[PDB]
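>>> Fold the following for me, if possible:
(chains A, B, C, D, E, F and G, ligands or ions: 1)
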Amino acid sequence: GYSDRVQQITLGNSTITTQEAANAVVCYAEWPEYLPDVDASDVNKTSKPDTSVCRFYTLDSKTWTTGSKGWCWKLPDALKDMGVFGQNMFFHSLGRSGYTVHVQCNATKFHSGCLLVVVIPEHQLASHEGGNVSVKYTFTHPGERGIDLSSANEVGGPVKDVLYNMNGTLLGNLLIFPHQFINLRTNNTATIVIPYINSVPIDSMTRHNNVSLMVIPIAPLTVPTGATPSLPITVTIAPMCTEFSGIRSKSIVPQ
Amino acid sequence: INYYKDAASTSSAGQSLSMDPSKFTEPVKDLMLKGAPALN
Amino acid sequence: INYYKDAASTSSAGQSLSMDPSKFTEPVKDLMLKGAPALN
Amino acid sequence: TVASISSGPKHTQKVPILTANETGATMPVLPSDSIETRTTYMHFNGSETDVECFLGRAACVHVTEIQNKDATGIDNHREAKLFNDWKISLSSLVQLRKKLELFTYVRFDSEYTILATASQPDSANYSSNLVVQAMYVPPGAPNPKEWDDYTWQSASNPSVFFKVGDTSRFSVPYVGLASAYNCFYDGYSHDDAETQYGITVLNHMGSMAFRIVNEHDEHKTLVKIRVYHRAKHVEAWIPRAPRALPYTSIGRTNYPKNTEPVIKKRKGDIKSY
Amino acid sequence: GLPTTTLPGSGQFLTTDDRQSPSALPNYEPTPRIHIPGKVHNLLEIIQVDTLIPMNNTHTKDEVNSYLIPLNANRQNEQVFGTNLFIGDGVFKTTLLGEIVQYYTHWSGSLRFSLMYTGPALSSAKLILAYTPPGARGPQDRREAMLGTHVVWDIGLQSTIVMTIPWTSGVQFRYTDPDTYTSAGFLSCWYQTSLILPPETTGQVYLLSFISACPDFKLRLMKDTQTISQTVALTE
Amino acid sequence: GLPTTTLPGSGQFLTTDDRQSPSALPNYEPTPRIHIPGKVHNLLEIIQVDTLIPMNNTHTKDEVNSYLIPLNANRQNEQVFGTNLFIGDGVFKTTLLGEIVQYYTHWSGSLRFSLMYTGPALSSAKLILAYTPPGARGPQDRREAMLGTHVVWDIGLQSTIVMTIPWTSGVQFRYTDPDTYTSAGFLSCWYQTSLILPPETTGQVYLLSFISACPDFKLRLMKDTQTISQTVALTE
Amino acid sequence: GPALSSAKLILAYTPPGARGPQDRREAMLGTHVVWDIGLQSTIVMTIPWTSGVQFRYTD
Ligand SMILES: Cc1cc(CCCCCOc2ccc(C3=NCCO3)cc2)on1
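Numbers count the residues shown, from 1 in each chain, chains lettered A, B, ... in the order given. Please see the structure below:
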């Protein structure tokens, strides 16, 4: 009586149940694991807070309306302030982590709409100015708020044009990245497990984000007659196999 | 025959002949069998 | 393959892979053990 | 190898063509799941689509130019193209660039070919064979200032001397600092509020510098350098969506404003053929 | 001294030749490789992942909407969409498949075309997708369409339908750039019965459509893509 | 006559290639080698010998005094010295380590920083040395400093203290010429308790400081040093 | 609720030492279960014994 459909994920002191899942994606078919010695470089023993950092943090909720263009969060940024995960983050020189991402959106059998939930490794954004204008730090570190693709261009911020993925590629091809759809008629959640993907064994958690999670409405939300025209979307994310190394004074970052 | 000492100096590599699209085409956690229902 | 008769005409030598810094880093007459006191 | 097996009528409870794309998988459906097929063999291996093959041919990555002329009274050799350099990079010319950016991280050895041809714009006499010197100047090395500085001694820095009209060729191991080169980097060099964003911060590979060794003749001679790059021993990770809009800058993803629709509009209906 | 003779071609530079060269950095030791998920070995590995087709190409500036094929409730017998199968041009051209095919001169193989339905769960519909092999015109009505490769799709719990365009061909390779002799057919879709919405519901519903290549597929003779060009070298 | 083809690169002179050549002096017999103490095989052998750092760089012309770090009696809580760790520049630059690092482009490894105390034997002191890994600012007070790599040094019979800056890094190589992304941290030193001089004694006492590389160390990609240049050839 | 409705609730247990949470952000950092209302009508949350002292007073 197991269905692909019902699932439970327990991680730390927190549990999620979905009764309307559509399997789960594990990026590149690899599950998060700690850093092996053969791959290690820094000689420091690392710190593995385990259950105090590897639990589920639910970010603040978004509201899908008929005019929504899509939202974008960066990792580990989105979690920069969650509990002890965040403290560890500002206090060590280097850290590394994988995540379980669970995006939630329920409706009824009269609604229609379909969101794309995708994880993009190394999502370098484009400046809407063109040329070689850079995208300032603050703009690519929105924190739990994430970036709202239907917000206005700002100065020093990225471009927010959806048919171009914020980088000069077409929305249609985002499907080459680990992703899952939430089609109100099928699905009510999306779950993706992200292994740590980098060109170095461990890195800085503040100067470099290693994935952007993106939720994009593709088939517009259509509510039943005289229904309220909107649904909330909630994102809950859990660091998994986290390791921190090179402890010290506590980083100070712009803004 | 390599005439040179360093590995960078050798010619192109030879075909992976690796080929396994499943990391890209089927990264699902619970295995899906073709023919069985997608969602049970 | 050497094409030439004299030794000077051969290519560069190949790595010493000798490496022993102690003549420079520890030329002391009575051996010092790390962890034992320097001056007894 | 069979490309298609023989398959006949079906009347089952087992439907391989109904799936749920919401899952993120592309189910491996074949012609024989939905029509009746006959056996056929592949006769093919997929040899020429190997990434080593795809990135393994020489591509032009840079065209520069230097001239041989009397430097007498020139206050800025660099500025007179008495010698010139190049801030090594592989993203400046954009044919090879789109190919590499199909991947996120890439690792390979490089084989460079340098073709140098001469031009004599101002009606001339006898051209004495010019010899070009290409020398690699890595980060933190005395950058050269005149076309005949002590720098050109290049006692510790690899340099090649070849003749204009000829070609020079040599191969450099993978010089990246990390395990792969980042084709993309969503980071900064540090957490400052105004520091540049991108890879440009990451691919600090130093520059390459060219000059003519010859002193000047009575006329002037323009030498134009073309650098070709061939990846050998390629390794590529994490495929990405291909580049759709035009490029504007080395190292940023930025596209031009008021660009044009990249998807061709139908001449007719959705229903049109 | 061993006697030699040099042949025609000596001194040429062929960008496609593969030989040894001296290393400029003798004895240098590259950084160790660490493990990174996601390694690609063949472009054939990636063109099997499906991506969305902007089938609804009828707009005037690129929009998220050209990915949506609309469906109308209560129409009978009528046609949902049509397209030829020049995978290197037109709707296909910006898709990952289209985009890679363009790096090669010839292609052969089967294509997989699937449609995922997004209408309310309490609605229902039966569509017919038809592949018309080279030699006939794009079908003009379902009767015409239904006589070639087709699948009646029944919209249900299982949200997507995967149609295969089996390789139908005299010549074993076709050109990726559209060519007549070498042309591959048409793909059309019609109401089999009709879309029906539940009460309290209204308007258009949309289908999303994807394209990917079967394991069947072959691409050969690499060349340059018409999809990218430039007028001056970029700088930093 | 055997048929050949010459490739691109024929006739080039690459200063780094390694091939055979005819000897100009056929059959000449070199002088026998005799034994000489001191043979060096690797530059890695010598950068492990420690040499003095002109830490006290604050003078205006080079002087023996910039090797001396002064210490003041009776100060509490305060800071003895500070420096970043750009081994290819600044204080490090003229040291043997600094001087060799400059012949290479990349370095990786642990550094050994030691301090030898020279104050009267009847004095006493407790200092804290702190290494701050990349990512934070140079510490501004001991509290800040003590939260990173540190050693409380107790001045005693044993005159020197050896602090190691363990390799703390994401990227496995850093640039020897100072670079941000690639930067290595800061090194600071503060009074832990304070220097105390015996009676009949007065003034400043000094620490000498050395730097050498751990056996850990790697240097790669040789290049030319900014530390030497010239304007005309020398003559006899 | 009617069978054709849907809802997702979070239940949170806050162990001794902090105040009753004032908003979900605060609540979600302690023991919690996201409950998805479905066919299966009930959700069972456990308040695991979190305690220094091994017994508590009932009053
Ligand atoms: C990404 C990415 C990859 C690359 C290429 C890096 C190549 C390493 C440095 O390139 C050279 C170039 C020229 C020489 C040279 N030595 C003597 C003459 O030319 C040496 C290394 O650039 N960006």
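>>> so how many other residues sit close to residue E:223?
Look at residue E:223: counted by other C-beta atoms under 10 Å in any protein chain shown, it has 12 neighbours. For every residue, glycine as well, the C-beta is placed using N, CA and C.
>>> any idea which helix or strand carries the closest residue to it other than its chain neighbours?
Distances taken as C-beta to C-beta, 6 or more residues apart in numbering or on different chains put residue E:105 closest to residue E:223, at 5.3 Å, once the chain neighbours are dropped. Using DSSP states H and E, residue E:105 maps to strand E:104-108.
>>> what number of residues lie near the residue in the stretch 51-200 of chain A that the ligand sits nearest to?
As assessed by C-beta to the nearest ligand atom, the ligand sits closest to residue A:199 within the stretch 51-200 of chain A, at 11.0 Å. Per other C-beta under 10 Å, the neighbour tally for residue A:199 reads 28.
>>> Got the phi and psi for it?
The phi and psi values for residue A:199, taken as degrees, to the nearest 10, are phi -100, psi 0.
>>> got it, and residue D:31?
phi -50, psi -40.
>>> Regarding the chain, what is its longest strand?
Reading this off chain A. If you go by DSSP state E, chain A has its longest strand at strand A:230-247.
>>> You answered for a different chain; I wanted chain E.
Counting residues, the longest strand found in chain E (DSSP E) is strand E:205-213.
>>> now that strand against strand E:104-108, angle please.
Strand E:205-213 and strand E:104-108 are oriented at 100 degrees to each other (axes from the mean of the first three to the mean of the last three C-alpha atoms, to 10 degrees).
>>> what about strand E:205-213, near chain D?
Yes. If you take C-beta under 8 Å from any C-beta of the partner chain as the test, strand E:205-213 does meet chain D, through E:208, E:210, E:212.
>>> Could you list which of these also contact chain B?
The subset of the residues of strand E:205-213 next to chain D within reach of chain B, by C-beta under 8 Å from any C-beta, is residue E:212.
>>> Reformat the residues of strand E:205-213 next to chain D as JSON lines; add neighbour count and distance to chain A.
Shown next, in JSON lines, are the residues of strand E:205-213 next to chain D (neighbours: other C-beta atoms under 10 Å in any protein chain shown; distance: C-beta to the nearest C-beta, whole Å):
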{"residue": "E:208", "neighbour count": "25", "distance to chain A": "7"}
{"residue": "E:210", "neighbour count": "23", "distance to chain A": "7"}
{"residue": "E:212", "neighbour count": "26", "distance to chain A": "9"}
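>>> In which helix or strand does the nearest residue in space to residue B:3 that is not next to it in sequence reside?
Ranked by C-beta to C-beta, 6+ apart and with sequence neighbours excluded, the top spatial neighbour of residue B:3 is residue E:20, at 5.8 Å. For residue E:20, there is no helix or strand it lies in under DSSP H and E.
>>> what about residue E:20, how many residues close to it?
Residue E:20 sits with 16 neighbouring residues when counted by other C-beta under 10 Å.
>>> Against residue E:42, how distant is it?
As judged by C-beta to C-beta, to the nearest Å, residue E:20 and residue E:42 stand 25 Å apart.
>>> Which helix or strand lies directly C-terminal to the strand holding residue E:105?
Using DSSP H and E, the helix or strand that follows strand E:104-108 in sequence is strand E:111-117.
>>> near chain A, anything from that next one?
Yes. Counting by C-beta under 8 Å from any C-beta, chain A has neighbours in strand E:111-117: E:116, E:117.
>>> what about that strand and chain B, any contact?
No. Strand E:111-117 does not reach chain B (C-beta under 8 Å from any C-beta); its nearest approach is 10.7 Å.
>>> what about stretch E:189-206 and chain G, any contact?
No. Stretch E:189-206 does not reach chain G (C-beta under 8 Å from any C-beta); its nearest approach is 10.6 Å.
>>> for that stretch, the distance to its chain's centre please.
Centroid separation between stretch E:189-206 and its chain, computed with C-alpha atoms, centre = their mean, to the nearest Å, is 27 Å.
>>> For that stretch, buried residues please.
E:189, E:190, E:191, E:192, E:194, E:195, E:197, E:201, E:204, E:205, E:206 (16 or more other C-beta atoms under 10 Å in any protein chain shown).
>>> secondary structure element for the residue of chain B found nearest chain F?
For chain B and chain F, the shortest gap (C-beta to the nearest C-beta) falls at residue B:5, measuring 7.2 Å. Per DSSP H and E, residue B:5 falls between elements, in no helix or strand.
>>> and the gap between it and residue A:132?
Counting by C-beta to C-beta - residue B:5 and residue A:132 are separated by 41 Å.
>>> Please say which of those two ends up with more neighbours.
residue A:132 (18 against 14).
>>> and the biggest helix by length in chain D, anywhere near chain E?
Assignment by DSSP state H gives helix D:94-100 as the longest helix of chain D. Yes. Residues of helix D:94-100 contacting chain E under C-beta under 8 Å from any C-beta: D:94, D:95, D:98, D:99.
>>> Nearest to residue E:52, out of the residues you listed: which one, please.
residue D:98 (20.3 Å; C-beta to C-beta).
>>> I'd assumed residue D:242 was in contact with the closest one.
Yes. Applying C-beta atoms under 8 Å, one finds residue D:98 in contact with residue D:242, separated by 6.8 Å.
>>> Comparing the two, which shows the higher neighbour count?
Each of residue D:98 and residue D:242 has its neighbours counted (other C-beta under 10 Å); residue D:242 has more, 25 against 17.
>>> Look up the closest residue to that one, ignoring the ones flanking it.
Closest to residue D:242 by C-beta to C-beta, 6+ apart is residue E:99, at 4.4 Å.
>>> and the residue nearest to the spatial centre of chain E, which of the three is it?
The residue lying closest to the centre of chain E (C-alpha atoms, centre = their mean) is residue E:97, at 3.9 Å. Classification of residue E:97 using DSSP: H, G, I helix; E, B strand; the rest coil returns helix.
>>> cool, residue A:185 as well?
coil.
>>> Could you measure from the residue lying closest to it once chain neighbours are set aside over to residue A:111?
Residue nearest to residue A:185 in three dimensions, not counting chain neighbours: residue E:121, with 4.2 Å by C-beta to C-beta, 6+ apart. Note on residue E:121: its distance to residue A:111, by C-beta to C-beta, is 8 Å.
>>> Please report phi then psi for the closest residue to the ligand within chain B.
Closest approach between chain B and the ligand, counting by C-beta to the nearest ligand atom: residue B:8, at 10.1 Å. Backbone torsions of residue B:8, given as degrees, to the nearest 10, read phi -70, psi -10.
>>> same thing with residue D:209?
Backbone torsions of residue D:209, given as degrees, to the nearest 10, read phi -130, psi 130.
>>> where along the stretch 151-255 of chain A do the strands fall?
For the stretch 151-255 of chain A, applying DSSP state E, counting those that start in this stretch gives strands covering A:179-183, A:189-194, A:211-222, A:230-247.
>>> Any chance of TSV for those, columns distance to residue D:55 and mean neighbour count?
Output for these, formatted as TSV (distance: least, C-beta to C-beta, whole Å; neighbours: other C-beta atoms under 10 Å in any protein chain shown):
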stretch	distance to residue D:55	mean neighbour count
strand A:179-183	26	25
strand A:189-194	27	26
strand A:211-222	25	24
strand A:230-247	33	22
